[PDB]
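Engineer: The entry's author numbering puts the sequence shown at residues 26 to 238, 240 to 252, 254 to 290. We put the beta carbon where it would ideally sit given N, CA and C, even for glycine.
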Amino acid sequence: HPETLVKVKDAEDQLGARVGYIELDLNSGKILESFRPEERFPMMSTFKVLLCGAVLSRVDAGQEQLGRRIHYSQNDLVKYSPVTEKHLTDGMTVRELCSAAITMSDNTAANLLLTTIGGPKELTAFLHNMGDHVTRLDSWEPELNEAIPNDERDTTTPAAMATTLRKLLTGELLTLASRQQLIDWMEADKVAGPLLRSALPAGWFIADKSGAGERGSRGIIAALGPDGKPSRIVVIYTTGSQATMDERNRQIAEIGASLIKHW
Ligand SMILES: *[B]([O])([O])[C][N]C(=O)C1=C([C])ON=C1C1=C(Cl)[C]=[C][C]=[C]1
Numbered sequence: 026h027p028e029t030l031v032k033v034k035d036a037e038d039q040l041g042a043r044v045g046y047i048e049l050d051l052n053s054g055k056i057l058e059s060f061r062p063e064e065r066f067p068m069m070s071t072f073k074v075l076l077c078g079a080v081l082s083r084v085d086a087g088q089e090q091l092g093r094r095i096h097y098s099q100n101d102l103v104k105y106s107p108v109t110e111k112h113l114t115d116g117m118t119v120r121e122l123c124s125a126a127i128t129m130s131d132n133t134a135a136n137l138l139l140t141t142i143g144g145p146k147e148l149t150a151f152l153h154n155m156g157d158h159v160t161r162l163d164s165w166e167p168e169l170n171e172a173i174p175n176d177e178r179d180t181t182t183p184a185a186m187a188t189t190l191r192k193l194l195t196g197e198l199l200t201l202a203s204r205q206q207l208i209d210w211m212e213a214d215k216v217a218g219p220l221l222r223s224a225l226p227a228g229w230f231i232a233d234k235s236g237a238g240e241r242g243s244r245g246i247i248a249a250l251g252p254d255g256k257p258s259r260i261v262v263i264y265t266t267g268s269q270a271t272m273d274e275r276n277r278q279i280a281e282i283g284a285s286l287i288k289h290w
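See the structure below:
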């Protein structure tokens, strides 16, 4: 809706950074609204949803089990790993790792899951193999690149990410069970409260994943809708900014308030 683009443009000026935005109809996959849809932005933690998509694809092929337990040690821990930090003694199953990587943006959880599939290169291969030749993960956490446009490592575009997310939540790429599990983990997201969720009315459904960069980049991918069910996919990314985190969060929340008001 035009009013949402107003807030997106306001955000660019307020943040002194570029903002990428796209909203897709969940059923048809058609672009309902967009801004800088084909420009590249650092994916940051939003890649964790795609990673678990790759893991679920392996589960569907009988190459992985959600209940499989992975043991690890202190040497595997990296910053921003609130859940994995507490399971050095008993380990965590694959589903617990995806839950942690998605809902708490747990870095070590993401790395352990990356290891199960063969590394960043295999996540990129997984994406390439499903028709996404844009999105690329080149690094392990906590080292993702943010230096665009010179360096395109670890980037995506609003359009590529939205299209890919839709292909992981709908259609036949993943089984019904896997599609449902992926959106269920996203619905349980615990660290995206100041973003789209802050503007969400009671009774609305939202399944999302946030991202943040050391240089100030911020982003979010989501499937949301009224009456307790999702009907649109929204992806929002912002380049590096000198603006404070509170300000970055507020701008994204403002965009969401408009999206909701003019649904
Ligand atoms: B992912 O992007 O969510 C993982 N990384 C971060 O969240 C992050 C980065 C890249 O730089 N700081 C953070 C961070 C923030 Cl802003 C809040 C809480 C934990 C980590």
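Let me confirm a value: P27 is counted as buried when at least 16 other C-beta atoms fall within 10 Å, else exposed. Which label applies?
Structural biologist: Position 2 of the sequence shown, counted from the first residue, corresponds to residue 27. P27 comes out exposed.
Engineer: Around the Cβ of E197, are there at least 16 other Cβ atoms within 10 angstroms (buried) or fewer (exposed)?
Structural biologist: Sequence index remark: in the sequence shown, residue 197 carries index 172 (1-based). The residue in question, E197, is exposed, as its Cβ has fewer than 16 Cβ neighbours within 10 Å.
Engineer: Report yes or no: do the stretch 122-129 and the stretch 208-221 share at least 3 C-beta pairs separated by less than 8 Å?
Structural biologist: Enough Cβ pairs lie closer than 8 Å, so yes.
Engineer: Here's the rule: buried if 16 or more other CB atoms are within 10 angstroms of the residue's CB, otherwise exposed. What is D157?
Structural biologist: If you number the sequence shown from 1, residue 157 lands on position 132. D157 comes out buried.
Engineer: What residue range does the alpha helix (DSSP H) around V84 cover?
Structural biologist: Residue numbering aside, residue 84 sits at position 59 when the sequence shown is read from its first letter. Per DSSP, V84 belongs to the alpha helix (DSSP H) from 72-85.
Engineer: Spatial neighbours of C77 within its chain, please: CB distance less than 8 Å, with the 5 preceding and 5 following residues excluded, ordered by chain position.
Structural biologist: Position 52 of the sequence shown, counted from the start, is the residue given in the question as residue 77. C123, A126, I127, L138, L207, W210.
Engineer: Within 8 Å, do at least three Cβ pairs link the stretch 185-204 to the stretch 97-115?
Structural biologist: Output reads no: the stretch 185-204 does not touch the stretch 97-115.
Engineer: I263: which of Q88, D273, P107, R244 sits nearest, CA to CA?
Structural biologist: Position 236 of the sequence shown holds residue 263. The shortest C-alpha separation from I263 is found at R244.
Engineer: Hey, quick one: how far does the beta strand (DSSP E) through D35 stretch, first residue to last?
Structural biologist: On the sequence shown, position 10 is the one that residue 35 refers to. First-last for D35: 27-40, but that is the alpha helix (DSSP H), not the beta strand (DSSP E).
Engineer: Three Cβ pairs or more, each shorter than 8 Å: is that satisfied between the stretch 147-161 and the stretch 94-102?
Structural biologist: Contact between the stretch 147-161 and the stretch 94-102 is absent, because fewer than three Cβ pairs lie under 8 Å.
Engineer: Kindly give me the distance between the Cβ atoms of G238 and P67, rounded to whole angstroms, as I take these residues to be in contact under 8 Å.
Structural biologist: In the sequence shown, counting from the first residue as 1, residue 238 sits at position 213. In the sequence shown, counting from the first residue as 1, residue 67 sits at position 42. Yes, they are in contact, since the Cβ atoms of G238 and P67 sit about 5 Å apart, within 8 Å.
Engineer: Would you call the stretch 59-66 in contact with the stretch 29-47, where contact means no fewer than 3 C-beta pairs closer than 8 Å?
Structural biologist: The stretch 59-66, when compared against the stretch 29-47, does touch it at the 8 Å Cβ threshold.
Engineer: Can you tell me the Cα-Cα spacing of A280 and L220, whole angstroms?
Structural biologist: In the sequence shown, the residue the question calls residue 280 occupies position 253. In the sequence shown, the residue the question calls residue 220 occupies position 195. Near 5 Å, if we compare the C-alpha coordinates of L220 and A280.
Engineer: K55: which of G283, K34, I260 sits nearest, CA to CA?
Structural biologist: As a working mapping, residue 55 is identified with position 30 in the sequence shown. Comparing Cα positions, the closest option is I260.
Engineer: Among the residues of its own chain, which have a CB less than 7 Å from the CB of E171, if the five just before and after it don't count?
Structural biologist: By one-based count along the sequence shown, residue 171 stands at place 146. The answer, listed in chain order, is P67, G238, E240, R241, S243, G267.
Engineer: Quick one: Cα of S285 to Cα of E37, how far?
Structural biologist: Here residue 285 corresponds to residue number 258 of the sequence shown, with the count starting at 1. Here residue 37 corresponds to residue number 12 of the sequence shown, with the count starting at 1. So the two alpha carbons sit approximately 15 Å from each other.
Engineer: Please determine whether the Cβ atom of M211 lies at a distance below 8 Å from any heavy atom of ligand 1.
Structural biologist: The residue given as residue 211 occupies position 186 in the sequence shown. It does not: the Cβ of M211 is nowhere closer than 8 Å to a heavy atom of ligand 1.
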